[PDB]
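Working through the structure, step by step
Letter by letter, the chains look like this.
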Amino acid sequence: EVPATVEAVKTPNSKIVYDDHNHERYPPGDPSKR
Amino acid sequence: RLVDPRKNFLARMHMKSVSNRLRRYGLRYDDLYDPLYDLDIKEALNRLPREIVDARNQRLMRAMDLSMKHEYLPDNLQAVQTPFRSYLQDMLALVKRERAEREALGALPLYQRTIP
Amino acid sequence: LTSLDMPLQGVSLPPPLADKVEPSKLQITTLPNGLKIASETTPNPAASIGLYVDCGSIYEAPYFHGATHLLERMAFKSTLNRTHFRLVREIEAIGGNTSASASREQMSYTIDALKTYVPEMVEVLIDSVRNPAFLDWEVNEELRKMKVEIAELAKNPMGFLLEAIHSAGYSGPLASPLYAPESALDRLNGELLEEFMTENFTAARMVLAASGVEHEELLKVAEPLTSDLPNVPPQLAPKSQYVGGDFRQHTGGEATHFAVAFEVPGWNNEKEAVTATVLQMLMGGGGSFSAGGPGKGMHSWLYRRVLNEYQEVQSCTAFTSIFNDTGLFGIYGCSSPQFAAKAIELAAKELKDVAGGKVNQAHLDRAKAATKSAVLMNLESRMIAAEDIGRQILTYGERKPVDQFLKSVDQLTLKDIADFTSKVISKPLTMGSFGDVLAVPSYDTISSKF
Amino acid sequence: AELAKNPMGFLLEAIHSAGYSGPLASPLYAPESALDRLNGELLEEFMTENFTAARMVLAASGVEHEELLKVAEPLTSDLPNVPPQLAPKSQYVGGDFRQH
Amino acid sequence: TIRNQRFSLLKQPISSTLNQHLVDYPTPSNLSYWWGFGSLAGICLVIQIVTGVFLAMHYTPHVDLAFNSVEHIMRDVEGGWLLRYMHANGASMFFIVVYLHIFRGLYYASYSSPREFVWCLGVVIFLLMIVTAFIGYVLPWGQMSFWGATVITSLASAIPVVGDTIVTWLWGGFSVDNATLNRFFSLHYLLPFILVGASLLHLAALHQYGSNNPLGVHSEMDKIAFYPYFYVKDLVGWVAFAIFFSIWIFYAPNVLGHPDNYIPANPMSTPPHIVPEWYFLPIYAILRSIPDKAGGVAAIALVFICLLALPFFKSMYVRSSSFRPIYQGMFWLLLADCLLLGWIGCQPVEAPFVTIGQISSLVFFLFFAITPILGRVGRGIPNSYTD
Amino acid sequence: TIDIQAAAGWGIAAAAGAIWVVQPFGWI
Amino acid sequence: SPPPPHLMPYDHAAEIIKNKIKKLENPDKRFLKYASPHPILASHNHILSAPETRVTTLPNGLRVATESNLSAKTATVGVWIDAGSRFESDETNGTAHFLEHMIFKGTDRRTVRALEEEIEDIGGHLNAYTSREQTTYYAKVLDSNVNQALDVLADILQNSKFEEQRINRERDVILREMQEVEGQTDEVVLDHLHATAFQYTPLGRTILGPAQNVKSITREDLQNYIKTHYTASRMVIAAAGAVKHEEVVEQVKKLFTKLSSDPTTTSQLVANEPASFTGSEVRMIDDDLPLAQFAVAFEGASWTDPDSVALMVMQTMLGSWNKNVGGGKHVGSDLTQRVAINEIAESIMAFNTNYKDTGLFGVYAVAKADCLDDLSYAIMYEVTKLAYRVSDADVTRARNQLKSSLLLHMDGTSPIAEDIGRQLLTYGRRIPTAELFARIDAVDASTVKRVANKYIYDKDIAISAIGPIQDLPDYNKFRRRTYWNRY
Ligand SMILES: COC1=C(OC)C(=O)C(C/C=C(\C)CC/C=C(/C)CC/C=C(\C)CC/C=C(\C)CC/C=C(\C)CC/C=C(\C)CCC=C(C)C)=C(C)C1=O
Ligand code: HEM
Ligand code: HEM
Ligand SMILES: COC1=C(OC)C(=O)C(C/C=C(\C)CC/C=C(/C)CC/C=C(\C)CC/C=C(\C)CCC=C(C)C)=C(C)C1=O
Ligand SMILES: [Zn+2]
């Protein structure tokens, strides 16, 4: 078996899911809210 | 110039007094130049050969020991002192020239003083 | 402005070059002091100008160990006329690039820029080699970065082994390391570098080769800066004797390496050099650490045998290092720390196999075509063209045409390959191993295989 | 690391491996690559299969045999009787060392 | 070293900073007794704070009671006369030790690089010392207190636009009255703690580079630990200062001041000789000499501008007056000029003292005008005086 | 030529802040 | 009497060093005549002459472009295709790389050994490279074998077999390649930078693809990929060296007959699946690696955007350097000067990556763990400075260096053929050197300031870092250091 960190380093992921308990993200590619 | 000993006798008295004060401690005039005063001196001192810097440091230690003891050099030692034999001024001038050349062409300084 | 898919309006377009341009002819002018200036006009808008010196580590013995590579690092530093800072700024003002290379028998200094900047390039290059200031702080900095350049040497097994078997294969000047030990560097300084350079950098030992400039302009700029150089009578390069030898550094661990080498003729002797090059192509091989791109040597004897019949092999190929009067032909190898004996057996068997005559005409034509295409393709580059001009005028003074080399390649039969390989392996071998050498066989056992 | 400072012992070690082939060419001083792999279990496996009673001698100068046996027997008599293994064979072949 | 066990207790985290900044701090071995006045200044600050805290337990900051509470300390508090005389003469002692400190700095060029920030902090500390001592002198509420408060609070009137507004804001009214005294007393309790903090920052800035020495050279090769060597050296000066201070306290308690402050404040009449303490006399002479109110305030501020600008002037690389004879003579002239300015300040405003004060202030400013040109000229000494 | 614009911007800021702390509308 | 100034050893050394310094005090003017450290913008449109680049469009939309050098003894001929990982789907991702592995695996006429024996019998070389938006197959051969190489390329593109056993063997080769994604950390850092910066867009996918996709790859997958993407209007045949335009055109007309002609067009593909930038970061913390490597990037410009030239000039202004460069302390780039003067990195490199609808502009650095804080400060300072203070000398020097590098790198038949193919795919034309130089010299200091204020000032950044990076500043500190509050 391969540990999760090694797999993450070896396999770039363009479909990243961020934690959503405190904040919900804007849709990807949205204009910045600066 | 008025600071020329050969042309001006006041400069002759000044040079004689400075030489006599330096000779009492075995110090060269270039030994008064402190690396902590400017980074140009520090760089010039770092470019000098090791034996010269060791001789400078030994003279500084001897002078500090004399000053702490309220003593001067013995007259036999004072007779062999060369207070105005230079080892630093040419290298300092070269470092200054290189610094100015860097500034004229818009390059970053090779070293800078820390803000206290 | 306008998008890059639309042509820019109001641009003055220069007339196009002809689809067939007549090649130019090398002009070689010799100065009374013995300095030779060569150039060829080129259609592309790039100029490559170099200075080539027949100095190297074969002149360090006995009191200048490490001087050549230090001089390589000290290239294009402060001169008597310009500071390092000013020289870097002049090179960058015209978009130039500098380079220096140090070898056992040659050093070079090159600058590359657009051909409109030839006077600046020539001026900066000669100031650099004629007037080094050799300031102590600059030498000390280049000596600290020499320690790293020598410590990271163990990270390249091929290079490390190559130097090591040069040391273990000769006795005289050729045995002097091209990467001096750390003890040998605590003696080097600016005075030593000046004394070494003044002795060896003479006009009759130096060539100014410029690919991509008219000879008139190059002469006009370079003549007033090199004639002052005095006439120094032509000495003789020292003699080196090829012997046998073994190199062994038992470091332990894993990933052993080796290189078995033999002696071959030098650049002088112009039918057998070729026999060595075509042999190197015939054995061929590859690094076995990466893949990609057919036709790089996947179907040579070394590759097709080792990497397609015996697994667990990390590297296997052939090398060549020819000097003026001698050379080194050998075979690399990585294998596995306990598979080392089998690996050396395989390599020796392959040398013996081509020695006997077990190679068919198809492989001979394949290697012959590989040799010819490798030589013709490597001349696509302007840099290589200039360097070849300089090296050949230093060695022969003529710049022999490539056509003569092409005929020698196409005059090679199997009987030649057979007799040359038989002669090469009938002489003492140079063995070198690096890594875990405990399981690696002795020198006598490997020598008895041939 | 503090071994090259003594050329005598360094050469004496080097010419053992440069002249013999096999077990006697195995260094007494291992390189600093086999050390990163040495651990307590590797040493415990080495000792269990080598430190056997038939290969052990308890020698005393300055002692009477009687009470020496009295103390030693209860601490050693329970060692298993293992057959004697043949010594690994070395071959002198001759060779050359070198390092610049 | 691997600090598994505890070694000497001074190197433990409980006292490592006090061991490194106070006990083991490297110090040039050739420091003279001239380098013992910073510690004397610190001891003076501590004496002032302790005596003032215990004096504030008996003083009333009200115009109907301040004078009488000061007399009640002199007369009724057990040990009260000693608390007062120590505080009053302590103030003069602080100024003596701080003047000697400053002139030590000027003779060795201690202000020069790399210690410019030390000198600027020192100047700020001097300003704080002046404000603190002035407002403290107003608390007794005698004749000198009241009229001295009336002038320095009017200095803001030199400002054209808001000057009168600033004067009446500082007063808390249209005259020097109870509001002025109460706010002075509050400021006078607070300012010494700001002085303590400023002194701490001063010492830290100095310890970034260590102390300059009487040769003015780099001193790394002959440094020694502050304790016990410079501890005992400073203790000698502390005991001598104690003898000096005791002479002033016990045998000449009032000769440093004026008898006029023993008269209760009268806003109607005005003393014919309104002077400040002796330690403000040079400043006050430089003020009286200019014949324009604004020009006087400008000159007073220019004094501190000149002090602050001294470290930053391009100069020669030699520090000590020991090897700069011309700068040495300029020093001995400046010191005489400052003693002349102080004497002139005590003189009434009448000939010939007006012209003498004008010339003396001119010479004071010439010192600072001439030092940079001397540095620029002397940068060429090593080229000129060869072997 | 940006330091001058920065100086002008910060001068405007300093003036705005002055009128804002002291608010001298009854004096102008 | 004092000793004379050569008796004491230290006095003698002082005399020697003083004499050397006096030697340097007097320069020789014969060697100070031509070179100047001040950069001057020069116009040399005379030397800029080059052979004509002929472009012919076939009736099916295929383009043939040649650069003839009949004095050459060699040639480079190849196919440049507007295809790559960006134009696949999520479930097809990785197919282009698999095809790159499988394309030299044999055809109906030729078997693997025949193909290798034909090529290396003439001494040729066969190269295949695939990227996110571009794919190229080309041959380096002698002048005689141009027709043979074109036949080889047309055969492999049109008549590949894709045997099932060959597919299964390549499947395990590629699976091991995925399992061995190490040792090339630059490539890994850039892959993760693309993945986070272009999250949820086709540009964010890796070329390699996921392991399940390569496990699922079959013959019909590859055939469908070639049918969908390898179409006449998306392909450019480029030749440089000893080649005649007319012979190449005739051979291409003869050989490239059974193409796909699928109506799928690259502009529409980019339009319906656009690429956008997402400010974000991925931090791969591994405290056993000896060196840290990270990249910081802003959203850049597309190929055809006029600001791309200014971004190239700006990249030259930032520069690139490693510890083996002799004169990093003296170069025109202030970032390189800071790094080399304070020894705060092993390597630094500014990159300007362009795509059809977006780009990446940023800096890649390798350094030790304890240098990271100062290195990050320096990188951000010098990048943000482009929006505030640009000297005419720096931009002039960068323009000169960029023109020089563009012309100097263009040596050999292979770089020329690659330039032709790339330009025909990205610009629709080969931009003549004079026009490119004219566009470059239109980038002045004010242009650099405007472009920097559009792309760098107060802008979101993408970070990808690996190694001992615990002291690399967090996203908020990099984001704050994109503007200066003193202006
Ligand atoms: C004949 O005539 C004369 C005398 O008569 C006898 C003299 O005695 C003297 C000698 C006196 C001196 C040399 C002193 C001169 C210099 C100064 C500066 C004196 C000190 C002046 C002051 C009293 C200044 C006092 C300071 C204040 C009132 C500060 C007020 C404000 C405060 C406390 C805070 C400010 C508020 C804020 C910033 C708001 C927010 C605050 C927070 C902390 C949060 C002279 C010259 C003289 O000619
Ligand atoms: C509250 C008053 C002050 C205190 C307690 C104080 C304290 C100290 C101390 C302890 C030192 C280090 C030891 C020494 O050399 O004396 C020192 C150094 C110094 N102080 Fe002060 N100081 C005060 C005021 C000033 C003032 C007003 C100045 C000048 C404007 C000044 C300038 C300096 C300088 C230049 C040094 C460095 C001296 C040298 O290294 O030679 N100080 N101070
Ligand atoms: C926190 C510390 C201090 C407190 C609480 C304090 C308190 C007092 C009080 C209550 C008085 C009025 C009684 C009297 O005049 O004797 C006074 C007077 C005075 N204080 Fe302070 N003080 C402090 C520190 C200082 C300092 C540091 C100085 C020196 C700069 C100073 C200088 C004076 C002066 C000059 C007087 C007038 C003395 C007189 O003539 O009677 N005080 N102080
Ligand atoms: C080598 O370098 C050093 C010097 O230079 C050469 C010195 O001259 C001195 C001696 C002088 C000192 C420490 C001056 C005193 C320190 C300051 C900041 C000046 C004024 C200090 C005051 C008023 C102390 C008030 C602070 C308190 C009470 C803090 C609370 C702490 C406690 C109650 C324990 C020391 C120790 C020194 O090492
Ligand atoms: Zn691959």
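Each residue takes a number counted from 1 along its chain in the order the sequence is written, a numbering that need not match the entry; residues with no coordinates do not appear. Whichever chain is written first becomes A and whichever ligand is written first becomes 1, with later ones labelled in order. Consider the displayed chains a part of a larger assembly; each reported value belongs to this part rather than to the entire assembly. Side-chain numbers here rest on the full set of heavy atoms in the structure, without hydrogens or water.

This entry lists cryo-EM as its structure determination method and reports a resolution of 2.09 Å.

Re the state of the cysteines
Residue and element names in this part refer to chain E. Quick reminder of the rule: What counts as a disulfide here is a pair of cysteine sulfur atoms lying within 2.5 Å. With a 1.4 Å probe rolled over the protein chains alone, any residue whose accessible area is under 20% of its type maximum counts as buried; one over 50% counts as exposed, and the rest are partly exposed.
Counted by the stated rule, this structure contains zero disulfides over all chains. Of all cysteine sulfurs in the structure, the one in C306 sits closest to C120, which takes part in no disulfide; the separation is 13 Å. Exposure remark for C120: the relative accessible area of 12% places this residue in the buried category.

What to know about the pattern of salt bridges
Counted only if it meets this: We define a salt bridge as a side-chain nitrogen of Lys or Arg found within 4 Å of a carboxyl oxygen belonging to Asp or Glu. Helix and strand labels come from DSSP, where a helix needs a run of H or I of at least four residues and a strand needs a run of E of at least two; each type is numbered from the N terminus.
Counting across every chain of the model gives 68 salt bridges over all chains. As a salt-bridge pair, C:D416 and C:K271 come within 3.7 Å of each other at their nearest N and O atoms. Of this pair, C:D416 sits in helix α15 (residues 414–424) while C:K271 sits in the loop between β8 (257–264) and α9 (272–283); the two residues are 145 residues apart in sequence, bridging distant segments of the chain. Given the relative accessible area of 33%, C:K271 is considered partly exposed. The partner of C:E380 in a salt bridge is G:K140, and the shortest N-O contact between them spans 3.4 Å. Here C:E380 is found in the loop between α12 (361–378) and α13 (382–395), whereas its partner G:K140 is found in strand β5 (residues 135–142) on a different chain. Overall, G:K140 belongs to the buried group, its relative accessible area being 14%. Members of the salt-bridge network, linked through shared partners, are C:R82, C:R86, C:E90, C:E123 and C:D127.

Examining the packing of aromatic side chains
The geometry of an aromatic ring pair is captured by two quantities: the separation of the ring centres and the angle between the planes. Residues and elements named next belong to chain E. To be explicit about the condition: Here a pair means two rings of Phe, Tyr or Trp (six-membered ring of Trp) with centres within 6.5 Å. Their orientation is stacked below 30 degrees between planes, edge-to-face above 60, and tilted elsewhere.
With the rule as written, the count across this model stands at 59 aromatic pairs over all chains. Ring geometry for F95 and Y279: centres 4.3 Å apart, planes at 0°, overall stacked. Here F95 is found in helix α4 (residues 80–108), whereas its partner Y279 is found in the loop between α9 (226–251) and α10 (281–289), with 184 residues between them in sequence. The exposure classification of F95 matches that of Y279, with both residues buried. Relative to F353, the ring of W343 has its centre 5.6 Å away and its plane inclined at 85°; by these criteria the two rings are edge-to-face. With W343 in helix α12 (residues 325–346) and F353 in helix α13 (residues 353–378), this pair connects stretches of sequence that are ten residues apart.

Quick notes on the coordination of the iron atom of ligand 3
Using the following cut-off: A donor here means any N, O or S atom no more than 2.8 Å from the metal (3.2 Å for Na, K and Ca); water is not included, so a site may seem to lack partners.
At this site the iron atom of ligand 3 is bound by E:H87 (NE2) and E:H188 (NE2), with donor distances of 2.1 to 2.3 Å. Residue E:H188 is classed as buried on the basis of its relative accessible area of 17%.

Structural notes on the coordination of the iron atom of ligand 2
Residue and element names in this part refer to chain E. Our working definition: Geometry assignment treats four donors as tetrahedral when all angles are between 85 and 135 degrees, treats four as square planar and six as octahedral when opposite donors are over 155 degrees apart and all others between 65 and 115, and treats everything else as irregular.
Taken together, the protein ligands of the iron atom of ligand 2 are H101 (NE2) and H202 (NE2), with distances of 2.2 to 2.4 Å. In this structure, the iron atom of ligand 2 is surrounded by six donor atoms whose angles at the metal cover 79 to 178°, and the resulting shape is octahedral. Taken together, the residues span a long stretch of sequence, with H101 in helix α4 and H202 in helix α8 (residues 178–209) at a distance of 101 residues.

Focus: the sheet that holds strand β12 (residues 462–467) of chain G
Strand pairs in the sheet, formed through backbone hydrogen bonds, run parallel or antiparallel to each other. Residues and elements named next belong to chain G. Test applied: Being paired, for any two strands, means DSSP has found at least two bridges between them. Fitted lines through C-alpha atoms serve as axes, helices being fitted only where they are in contact, and the angles separating the N-to-C directions of these axes extend from 0 to 180 degrees. Only heavy atoms matter for contacts: two residues are in contact if any of them lie within 4.5 Å across the pair.
Strand order in this open sheet of six strands is β7-β12-β8-β11-β10-β9, and the pairing throughout is mixed. The open sheet has two edge strands, β7 (280–285) and β9 (320–322), and neither has a second partner. Taken over all neighbouring pairs, the strand axes of this sheet differ in orientation by 15° on average, direction set aside. Of the pairings in the sheet, the one linking strand β8 (residues 292–299) to strand β11 (residues 359–367) comprises eight bridges and is antiparallel in character. When the bridges of β11 are listed, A292 appears paired with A367. Strands in contact with helix α11 (residues 307–318) are β9, β10 (347–354) and β11; relative to β10, the strand with the most contacts, it is inclined by about 175°.

A word on the site of ligand 4
All names here are of chain E. Which entries qualify depends on this criterion: We call a residue near a molecule or strand whenever a single non-hydrogen atom of that residue lies within 4 Å of it. In the analysis that follows, any N or O atom pair within 3.5 Å is treated as a polar contact, provided that within protein one partner can donate a hydrogen and the other can accept it, and provided that, for residues neighboring in sequence, both atoms belong to side chains. Only the protein chains shown count as cover for residues, with accessible areas throughout obtained via the Shrake-Rupley method and a probe of 1.4 Å.
Neighbouring ligand 4 are 15 residues; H21, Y25, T27, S199 and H207 lie closest to it. One of the backbone nitrogen or oxygen atoms of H21 is found 3.2 Å away from an oxygen atom of ligand 4. Here an oxygen atom of ligand 4 and a side-chain polar atom of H207 are 2.5 Å apart. Coverage of ligand 4 by the protein amounts to 61% of the 890 Å² it exposes when considered alone. Contributions of two or more residues to the shell around ligand 4 are made by α1 (16–23), α2 (37–56) and α8. If you tally residues by element for the shell around ligand 4, the top one is α8, at five residues.

A few points about the interface of chain G and chain C
We apply this condition: Values labelled buried area give the accessible surface lost by two parts on being combined, using a 1.4 Å probe and summing over both. Classification used: nonpolar for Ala, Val, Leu, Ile, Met, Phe, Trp, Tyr, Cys and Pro, charged for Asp, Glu, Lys and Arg, polar for all others including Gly.
Of the residues lining the interface, 78 residues belong to chain G; the matching set on chain C comes to 77 residues. Taking both sides of the interface into account, the surface hidden between chain G and chain C amounts to around 7000 Å²; carbon and sulfur atoms contribute 59%. Ranking the residues of chain G by area buried against chain C places G:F31, G:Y34 and G:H330 at the top, with a combined share of 11%. Summed over the shared surface of chain G and chain C, the result is two salt bridges. Where chain G touches chain C, the interface holds 35 residue pairs in polar contact. Grouping the amino acids of the side of chain G that touches chain C by side-chain chemistry returns 32 nonpolar, 27 polar and 19 charged.

With respect to α13(E)
Residues and elements named next belong to chain E. Rules: Helix span, as expected, comes to 1.5 Å for every residue beyond the first. In this analysis the local bend is the angle between axes fitted, respectively, to the seven residues ending at and the seven residues starting at the residue.
Along its 26 residues, α13 runs 36 Å from first to last C-alpha, staying within 8% of the 38 Å computed at 1.5 Å per residue. Helix geometry: α13 is bent most strongly at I370, by close to 25°, with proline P372 lying one to four residues after it. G357, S360, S361, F364, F365, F367, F368, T371, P372, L374, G375 and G378 are the residues of α13 that are buried. At its buried positions, α13 is contacted by α10, α11 (293–309), α12 and α14 (381–384).

Concerning the environment of E:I290
Residue and element names in this part refer to chain E. Following the sequence through the fold, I290 ends up in the loop between α10 and α11. Counting along the chain gives twelve residues from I290 to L302, while the straight-line C-alpha distance between them is 13 Å. Not counting the four nearest positions on each side in its chain, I290 is found in contact with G295, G296 and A299.

Digging into a nonpolar patch on the surface
All names here are of chain E. Note the cut-off: To count toward a patch, a residue needs a relative accessible area over 30% and no salt bridge; like charges are then connected within 9 Å, while nonpolar side chains (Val, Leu, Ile, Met, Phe, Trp, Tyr) are connected within 5 Å.
Residues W81, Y227, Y231, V232, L235, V239, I243, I247, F250 and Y251 make up a contiguous nonpolar surface patch of roughly 1000 Å² in combined accessible area. In terms of residue count, α9 provides more of the nonpolar patch than any other element does, nine residues in total. Within the secondary structure, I247 sits in helix α9. The partly exposed category is assigned to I247, whose relative accessible area is 44%.

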